[PDB]
Amino acid sequence: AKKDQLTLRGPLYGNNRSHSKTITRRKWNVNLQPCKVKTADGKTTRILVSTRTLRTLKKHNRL
Amino acid sequence: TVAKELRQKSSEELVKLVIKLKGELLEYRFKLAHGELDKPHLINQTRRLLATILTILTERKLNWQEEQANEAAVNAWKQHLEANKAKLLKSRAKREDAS
Amino acid sequence: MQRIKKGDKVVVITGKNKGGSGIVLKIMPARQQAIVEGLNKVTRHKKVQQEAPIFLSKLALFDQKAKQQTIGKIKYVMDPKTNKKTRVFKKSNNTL
Amino acid sequence: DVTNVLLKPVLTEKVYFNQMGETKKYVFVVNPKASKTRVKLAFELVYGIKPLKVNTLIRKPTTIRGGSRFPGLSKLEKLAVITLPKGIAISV
RNA sequence: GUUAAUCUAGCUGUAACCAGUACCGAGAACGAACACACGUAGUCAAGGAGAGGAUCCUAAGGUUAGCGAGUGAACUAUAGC
RNA sequence: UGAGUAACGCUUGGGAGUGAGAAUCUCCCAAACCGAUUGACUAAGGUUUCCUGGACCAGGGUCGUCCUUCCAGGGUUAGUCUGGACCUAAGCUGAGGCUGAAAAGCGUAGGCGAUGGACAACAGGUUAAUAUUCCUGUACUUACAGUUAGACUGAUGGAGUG
RNA sequence: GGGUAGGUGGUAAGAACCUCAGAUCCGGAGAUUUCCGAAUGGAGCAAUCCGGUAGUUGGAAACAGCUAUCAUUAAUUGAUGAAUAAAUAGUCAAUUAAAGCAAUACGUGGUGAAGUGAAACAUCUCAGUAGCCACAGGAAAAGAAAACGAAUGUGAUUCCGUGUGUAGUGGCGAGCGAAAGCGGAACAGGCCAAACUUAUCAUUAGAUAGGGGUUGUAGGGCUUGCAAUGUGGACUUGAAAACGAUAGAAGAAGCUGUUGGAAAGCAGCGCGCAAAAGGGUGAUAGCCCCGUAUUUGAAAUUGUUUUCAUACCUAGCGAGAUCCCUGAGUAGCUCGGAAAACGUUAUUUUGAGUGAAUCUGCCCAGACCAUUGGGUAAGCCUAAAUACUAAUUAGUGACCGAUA
Ligand SMILES: [Mg+2]
Ligand SMILES: [Mg+2]
Ligand SMILES: [Mg+2]
Ligand SMILES: [Mg+2]
Ligand SMILES: [Mg+2]
Ligand SMILES: [Mg+2]
Ligand SMILES: [Mg+2]
Ligand SMILES: [Mg+2]
């Protein structure tokens with residue numbers, strides 16, 4: 001799927017309200033990045049992680 | 001008619017009883033294939049007796065199996081064997097005689 | 001328990017037959033019949049004078065130890081101090 | 001060895017016509033789930049004679065009682081002929 | 001492997017399992033609602049004249065096309081002129 | 001009602017017999033068509049429709065003693081035939097995995113999948129029904145054990161052939 | 001265990017048997033329970049085919065009988081282990097768990113139209129409906145105020161009636177429709193993080209396991225005291241009691257005559273009733289029979305409540321003092337959407353970005369600011385009122401009576 005695997009924050013569904021307010025379904029996909037991370041046993045791993053969660057990890061010094 | 005075999009030696013001899021009952025059960029059905037089975041009622045009673053004895057065995061940690069621990073037929077098989085011997089001898093003799 | 005038991009004397013209350021004392025032979029309790037010997041002979045014309053069942057409601061017990069051999073009802077209550085359930089007449093005291 | 005693989009012998013005019021030969025090809029109907037080796041082993045255990053050859057066939061179920069407002073199906077059974085040495089015979 | 005296996009060859013002996021095996025296979029048993037002129041892979045494929053499996057009559061073999069009998073008008077179809 | 005009207009959807013004659021009933025059943029003699037086929041062996045397909053005995057309500061575009069209809073009994077026999085226990089093609093399925101709101105989709109190792117490859121049995125006889133299966137005659141193949149003689153054997157991999 | 005004298009399931013006779021040493025039958029407990037099937041040793045075209053391993057019996061051996069076992073995934077533990085030294089991935093082994101079905105009924109969540117109306121139609125509507133999917137539960141969901149709101153006010157959630165077709169929302173068209181307040185059903189609120197402290201970790205703990213604390217008339221921690229040994233549980237074990245549920249037993253009372261094939265009809269004379277519900281009995285029976293009211297009945301399994309002891313949890317009130325703690329990619333803010341009656345608006349929610357404060361705090365009282373007042377988010381759980389009836393038992397019907 002297109003959801004990160006630190007949390008389970010997946011896509012979101014809404015409406016594409018163009019001018020004159022017509023309705024069309026459209027998908028908001030979270031911004032996923034493959035930035036690596038090191039677990040506290042070694043085992044540095046590459047995983048697909050959302051940029052917001054990347055900021056969370058960065059400010060907590062989990063790299 | 002059930003407690004009367006709880007008292008009996010419910011560990012070893014019952015398998016002999018079961019194999020016997022199987023013997024006359026098979027004989028009864030084989031006679032039923034032909035005529036001359038004038039007491040068909042025996043089959044249901046003997047099957048019911050097998051059921052009772054198997055119940056008495058299965059209440060215990062046992063199984064009716066694995067507890068076990070021709071006059072002229074051999075002559076006919078013999079004659080067949082030397083008949084085959086003679087045929088094979090003749091065949092080989094002719095085959096080598098051809099060469 | 002059963003009001004009528006195979007082997008006892010019994011008479012008919014209603015029907016073309018009246019006062020037909022006889023011995024009962026068979027009971028079909030699931031369909032409430034009774035085969036009384038010597039009564040109700042349906043003449044089968046087979047390809048005989050056998051009898052045919054009579055309903056339990058018609059039949060009624062017949063006392064013999066009473067001076068007046070009348071017909072009365074029954075009680076199952078009377079239980080001997082050393083025995084099991086029995087039959088006893090209502091307007092009398094005579095077992096079975 | 002349970003001898004639950006010898007259901008019944010069948011006596012038909014073809015069977016007799018085979019009987020008045022000399023091999024005395026006895027026939028039986030057996031448990032459909034059994035095999036020829038099991039059949040011959042059971043025959044050895046039940047009579048004491050080691051057979052010469054065994055042949056089997058199975059009769060597929062068919063429509064029975066035709067059109068009778070309650071038609072049924074026939075029975076699936078396996079027949080096992082049991083040849084013997086030429087000079088021997090036994091009852092059944 | 002070597003204080004031997006394994007293979008080849010012969011001799012003696014033992015064993016060889018499961019499912020299909022009938023019938024039709026088509027102008028009456030299949031696909032066409034049918035005892036429907038339709039369709040359905042492969043194989044065998046005689047004689048005479050014949051290049052030939054073309055054609056006609058036949059051999060081996062098989063069938064009596066599951067409503068008939070009359071008349072022989074108009075008229076219809078298929079032939080013949 | 002149309003109406004006892006169209007239609008009855010490729011062909012005969014006779015003798016004898018059965019039977020209550022005969023053009024339609026059985027036997028016999030002809031006859032006419034098929035005869036690169038309506039002849040014989042089979043694949044697939046059908047699933048007892050096969051054989052014997054009986055019946056003629058129903059079905060048979062008529063009749064029926066007769067039927068592929070109905071009732072009763074019976075009949076298919078494989079170490080060598082067709083397939084599996086051997087092999088893979090197109091393709092399918094698919095541990096992990098990749099991908100996708102969910103269901104799921106793609107795909108690796110593996111595993112299946114004949115319409116093909118490898119693999120030992122032939123002639124005759126026999127019943128109403130089966131026959132390279134049953135029987136007679138003759139053979140062949142593969143395992144397994146023992147024995148004898150000889151020889152050092154060589155794969156899950158490599159190569160050739162296939 | 002009950003219950004007796006007939007029974008061998010229906011189309012069903014017969015034959016041959018069983019049965020009054022207690023059958024058949026009914027209730028409770030059990031065992032057996034082929035193959036397919038989530039199917040799970042491997043395949044497969046479902047009910048078929050082919051196996052491996054470990055025992056055991058026979059054989060001289062393949063092999064053949066008789067048993068047991070062998071799917072995958074996730075978690076835990078152990079062993080082993082490459083690119084590469086270690087270490088990781090991977091490999092093997094042992095233990096636990098679902099993995100499926102249906103109650104075409106309810107619940108939550110994800111996704112989600114059109115046909116229709118607007119007398120056409122795109123904004124709306126139908127409708128967050130139908131369908132598909134995931135997750136279950138006996139109900140689920142929600143839930144213990146950073147609340148409503150205008151007050152000297154109430155004080156978890158849920159459901160019903162009203163407020164009301166109101167305020168409002170709407171190509172202000174079609175339409176849509178509350179929240180308060182009130183009257184009722186029900187009623188229980190507890191528990192972690194955080195400081196502080198004990199122990200152990202190459203104690204670089206930034207980690208683990210204990211005690212302490214769970215908040216708004218702000219509370220808790222820190223120092224120093226006082227008073228308590230209790231009431232209560234959404235709570236553990238047994239023992240006892242009670243009422244049941246799953247079979248049963250007792251259980252009243254009538255004759256004659258006539259019509260009639262048959263009386264139970266009708267007539268005459270009686271009787272019972274805590275029993276005039278029903279069904280059967282040759283035509284409509286309170287008294288012919290089964291039952292009914294009423295009284296009783298449990299060896300075994302099982303439900304509910306009460307009592308006892310019994311764990312586990314639960315406990316009030318003072319003085320000091322600028323000491324510390326009170327849930328951060330969080331609240332807000334920008335750009336796009338949505339839920340709320342609102343068609344994007346205070347309130348709530350989020351895809352992208354941005355991003356604080358710490359009791360003199362922060363949020364809120366339909367833009368926004370000040371005053372006043374209310375409440376303390378960014379942690380968790382919770383029975384009752386509630387929705388449903390495929391299933392079991394009893395029963396009912398101005399419900400149908402064989403085109404219904
Ligand atoms: Mg044709
Ligand atoms: Mg063809
Ligand atoms: Mg020719
Ligand atoms: Mg031609
Ligand atoms: Mg005519
Ligand atoms: Mg006309
Ligand atoms: Mg005419
Ligand atoms: Mg005509």
# chains A, B, ... in the order shown; residues from 1 in each chain; ligands from 1
$ residues_near_ligand --ligand "ligand 6" --cutoff "10 Å" --atoms "only C-alpha atoms (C1' of nucleotides) and all ligand atoms" --output "list in words"
residues 2, 3, 5 and 6 of chain F
$ write_last_selection --atoms "C-alpha atoms (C1' of nucleotides)" --output "PDB file, in the first residue's frame"
ATOM      1  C1'   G F   2     -60.576 -23.525 -37.646  1.00  0.00           C
ATOM      2  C1'   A F   3     -61.465 -29.771 -38.271  1.00  0.00           C
ATOM      3  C1'   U F   5     -58.954 -30.286 -42.873  1.00  0.00           C
ATOM      4  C1'   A F   6     -53.288 -29.757 -43.573  1.00  0.00           C
TER       5        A F   6
END
$ select_by_dssp --residues "chain D" --states "helix (DSSP H, G or I)" --output "list in words"
residues 13, 14, 15, 16, 17, 18, 19, 36, 37, 38, 39, 40, 41, 42, 43, 44, 45, 46 and 47 of chain D
$ select_by_dssp --residues "chain A" --states "strand (DSSP E)" --output "PyMOL selection string"
chain A and resi 12-15+25-28+32-33+36-39+42-46+49-50
$ residues_around --residues "residue 306 in chain G" --least-positions-apart "5" --cutoff "12 Å" --atoms "only C-alpha atoms (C1' of nucleotides)" --output "PyMOL selection string"
chain G and resi 240-243
$ residues_around --residues "range 25-40 of chain G" --least-positions-apart "6" --cutoff "6 Å" --atoms "only C-alpha atoms (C1' of nucleotides)" --output "PyMOL selection string"
chain G and resi 46-47+71+100+247+300-301
$ write_last_selection --atoms "C-alpha atoms (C1' of nucleotides)" --output "PDB file, in the first residue's frame"
ATOM      1  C1'   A G  46     -14.474 -32.045  -4.372  1.00  0.00           C
ATOM      2  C1'   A G  47     -15.866 -36.658  -2.208  1.00  0.00           C
ATOM      3  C1'   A G  71       0.467 -27.031   5.946  1.00  0.00           C
ATOM      4  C1'   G G 100     -13.678 -20.992   8.038  1.00  0.00           C
ATOM      5  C1'   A G 247     -37.598 -36.359  31.579  1.00  0.00           C
ATOM      6  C1'   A G 300     -26.617 -36.157  36.180  1.00  0.00           C
ATOM      7  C1'   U G 301     -25.544 -31.458  33.586  1.00  0.00           C
TER       8        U G 301
END
$ residues_around --residues "range 29-39 of chain B" --least-positions-apart "5" --cutoff "9 Å" --atoms "only C-alpha atoms (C1' of nucleotides)" --output "PyMOL selection string"
(chain B and resi 24) or (chain D and resi 7-11+92) or (chain G and resi 16-17)
$ write_last_selection --atoms "N, CA and C atoms (P, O5', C5', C4', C3', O3' and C1' of nucleotides)" --output "PDB file, in the first residue's frame"
ATOM      1  N   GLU B  24     -17.530 -65.796  12.800  1.00  0.00           N
ATOM      2  CA  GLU B  24     -18.887 -66.242  12.477  1.00  0.00           C
ATOM      3  C   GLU B  24     -19.730 -65.129  11.861  1.00  0.00           C
TER       4      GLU B  24
ATOM      5  N   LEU D   7     -16.998 -58.545   1.116  1.00  0.00           N
ATOM      6  CA  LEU D   7     -18.402 -58.260   1.390  1.00  0.00           C
ATOM      7  C   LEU D   7     -19.280 -59.481   1.146  1.00  0.00           C
ATOM      8  N   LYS D   8     -19.126 -60.128  -0.006  1.00  0.00           N
ATOM      9  CA  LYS D   8     -20.080 -61.153  -0.405  1.00  0.00           C
ATOM     10  C   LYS D   8     -19.605 -61.899  -1.647  1.00  0.00           C
ATOM     11  N   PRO D   9     -19.930 -63.178  -1.793  1.00  0.00           N
ATOM     12  CA  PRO D   9     -19.782 -63.836  -3.091  1.00  0.00           C
ATOM     13  C   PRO D   9     -21.058 -63.750  -3.908  1.00  0.00           C
ATOM     14  N   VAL D  10     -20.880 -63.681  -5.225  1.00  0.00           N
ATOM     15  CA  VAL D  10     -21.992 -63.597  -6.167  1.00  0.00           C
ATOM     16  C   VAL D  10     -22.041 -64.882  -6.979  1.00  0.00           C
ATOM     17  N   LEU D  11     -23.245 -65.417  -7.154  1.00  0.00           N
ATOM     18  CA  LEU D  11     -23.457 -66.689  -7.841  1.00  0.00           C
ATOM     19  C   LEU D  11     -24.324 -66.432  -9.066  1.00  0.00           C
ATOM     20  N   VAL D  92     -17.482 -71.924   0.055  1.00  0.00           N
ATOM     21  CA  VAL D  92     -17.636 -70.502   0.333  1.00  0.00           C
ATOM     22  C   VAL D  92     -18.814 -70.271   1.272  1.00  0.00           C
TER      23      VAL D  92
ATOM     24  P     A G  16     -41.011 -68.228  11.015  1.00  0.00           P
ATOM     25  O5'   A G  16     -39.716 -67.475  11.554  1.00  0.00           O
ATOM     26  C5'   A G  16     -38.464 -67.609  10.898  1.00  0.00           C
ATOM     27  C4'   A G  16     -37.448 -66.676  11.500  1.00  0.00           C
ATOM     28  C3'   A G  16     -37.461 -66.604  13.017  1.00  0.00           C
ATOM     29  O3'   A G  16     -36.727 -67.656  13.620  1.00  0.00           O
ATOM     30  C1'   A G  16     -37.475 -64.414  12.131  1.00  0.00           C
ATOM     31  P     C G  17     -36.859 -67.935  15.196  1.00  0.00           P
ATOM     32  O5'   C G  17     -35.950 -66.806  15.857  1.00  0.00           O
ATOM     33  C5'   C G  17     -36.364 -66.128  17.030  1.00  0.00           C
ATOM     34  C4'   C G  17     -35.854 -64.710  17.055  1.00  0.00           C
ATOM     35  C3'   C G  17     -36.017 -63.980  18.377  1.00  0.00           C
ATOM     36  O3'   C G  17     -34.984 -64.292  19.292  1.00  0.00           O
ATOM     37  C1'   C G  17     -36.776 -62.598  16.614  1.00  0.00           C
TER      38        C G  17
END
$ residues_around --residues "residue 96 in chain F" --least-positions-apart "2" --cutoff "12 Å" --atoms "only C-alpha atoms (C1' of nucleotides)" --output "VMD selection string"
(chain F and resid 94 98 107 to 110) or (chain G and resid 73 90)
$ residues_near_ligand --ligand "ligand 2" --cutoff "12 Å" --atoms "only C-alpha atoms (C1' of nucleotides) and all ligand atoms" --output "ChimeraX atom specification"
/E:25-26,30,39-43 /F:42-45
$ interface_residues --of "chain D" --to "chain E" --cutoff "10 Å" --atoms "only C-alpha atoms (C1' of nucleotides)" --output "list in words"
residues 35, 36, 37 and 57 of chain D
